[PDB]
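Here's a solo chain for you in structure tokens, the form deposited in one PDB entry.
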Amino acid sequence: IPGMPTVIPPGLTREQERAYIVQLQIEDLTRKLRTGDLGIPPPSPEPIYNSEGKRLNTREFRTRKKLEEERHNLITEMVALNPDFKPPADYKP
């Protein structure tokens, strides 16, 4: 079983159709940042530390940094796609 598909609702225009999927991904990236331990497994670069020997780059750190980046780019894409869309307060164009 390949898994559950993502379904774009019918009757939408082409623009609204790209908007839907981008908006659905934004909500999805936000949900991951707001919930769950991202330290969990989904590759491993050289470790990096502060002055106390505490590791700075972990799965949890790199992943979160990565999702935050992706969410930011998506929000940027949405703005180009939807002039009437207003980015969240935390957004910084």
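Only the largest set of C-alpha atoms that superpose within 1.5 Å between the two forms is called the rigid core. Sequential numbering from 1, following the sequence displayed.
Beyond the structure shown, there is the form deposited in another entry, which is absent from this document and is the topic of what follows.
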Is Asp37 among the residues whose Cα moves by 2 Å or more between the shown form and the other one after superposition of the rigid core? yes
Hey, does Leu74 budge by 2 Å or more at the Cα between the shown form and the other one once the core is superposed? no
Classify the change in Cα distance between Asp37 and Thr30 in the other entry as closer or farther, relative to the shown form (magnitude of 3 Å or more). closer
How does the C-alpha distance between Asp37 and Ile75 change in the other entry compared with the present structure, closer or farther, given a change of 3 angstroms or more? closer
